[PDB]
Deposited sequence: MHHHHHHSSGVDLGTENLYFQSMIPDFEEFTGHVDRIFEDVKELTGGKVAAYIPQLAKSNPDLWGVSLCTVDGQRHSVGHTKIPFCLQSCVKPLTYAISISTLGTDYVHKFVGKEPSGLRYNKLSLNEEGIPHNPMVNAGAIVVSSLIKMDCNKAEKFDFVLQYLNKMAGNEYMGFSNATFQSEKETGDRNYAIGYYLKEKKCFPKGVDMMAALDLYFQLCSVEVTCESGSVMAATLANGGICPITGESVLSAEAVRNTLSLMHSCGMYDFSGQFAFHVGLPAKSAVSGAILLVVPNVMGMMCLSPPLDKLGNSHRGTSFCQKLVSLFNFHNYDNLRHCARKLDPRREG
């Protein structure tokens, strides 16, 4: 019912999406948008079958998995809940959407097990969030972050120094898993289904599978709202007012709660590290359809 009021006519709605997508082209030239509604209707326009690495787009997914498997109380002994590297007053990374927090979050998953298993455990949730659609792995990107990710090594050693990891966790193992998860590949199409799972309270809308808890989803959407677009997060919360997560790949994972998930891809980044076209497209779509979280 709520969905029906927000999008009465799907074909008409996709027509407007296409028009905005087109306008935004007035900005390689990779440009794609896919969406998946909470009742499983789909639309892609442009370059939506090209694989690309999740990179930071994975941060809310791993956080949601940690909450789903361990609960809020425990997770947030190790990572904070608000916008900010550095550490906060309690001596922990500010939130799960900044690198230091995402690294700590990564360390929390299946602490009793090895590298291969941790990865496979996360991957099983990601597969289900995507309704078993396209999910790959870029060894090129993985090896590149391993060899050149000095910023993350610096953060890792700092977290270790400040005692920010759970007992018995090897810092280097946690970094290795974090780099692996950043190297998972999706397309706009599969990514949109993941975002739709978050839009749909943690149930994958193309399979009906329960993937994440309501608590995990609520927490994740809250932190995406406030921390999901790096230095542009405040502007985005004000003008667009929806949970989103950006990445250096030029991806934007956007959630419209109880309506749809979307994944946009356009590699060229603005000064704040967010897709120039993706961001502009979100603003135009939300203004036109009154999807802002505080639209009446």
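- Missing from the model, by position in the deposited sequence, are residues 1 to 17, 45 to 60, 118 to 123, 336 to 349.
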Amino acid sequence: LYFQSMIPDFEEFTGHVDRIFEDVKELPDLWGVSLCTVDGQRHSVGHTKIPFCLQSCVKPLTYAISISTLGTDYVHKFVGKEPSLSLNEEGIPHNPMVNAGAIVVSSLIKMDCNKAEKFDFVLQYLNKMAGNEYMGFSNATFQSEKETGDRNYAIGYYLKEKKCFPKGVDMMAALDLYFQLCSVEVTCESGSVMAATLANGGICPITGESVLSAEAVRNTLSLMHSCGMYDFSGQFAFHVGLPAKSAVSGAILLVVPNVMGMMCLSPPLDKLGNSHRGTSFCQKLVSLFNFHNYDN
From here on, numbers count along this sequence of modelled residues.
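- In this entry, 7 to 15 has the higher mean Cα B-factor, the comparison being between 279 to 287 and 7 to 15.
- Higher average CA B factor: 166 to 174, of the stretches 94 to 102 and 166 to 174.
- Of the candidates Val217, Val79, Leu85, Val193, the one whose C-alpha carries the top B factor in the deposited record is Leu85.
- The PDB entry assigns its highest CA temperature factor, among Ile109, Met129, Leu221, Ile155, to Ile109.
- Among the modelled residues of the chain, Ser266 sits in the highest third by CA temperature factor in this PDB entry.
- Among the modelled residues of its chain, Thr197 has a C-alpha B-factor that falls in the lowest third, as given in the PDB entry.
- Ranked by Cα temperature factor within the chain, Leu30 sits in the highest third according to the deposited record.
- In the PDB entry, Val184 places in the lowest third of its chain by CA B-factor.
- Residue-level temperature factors show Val75 in the lowest third of its chain, judged at the C-alpha atom.
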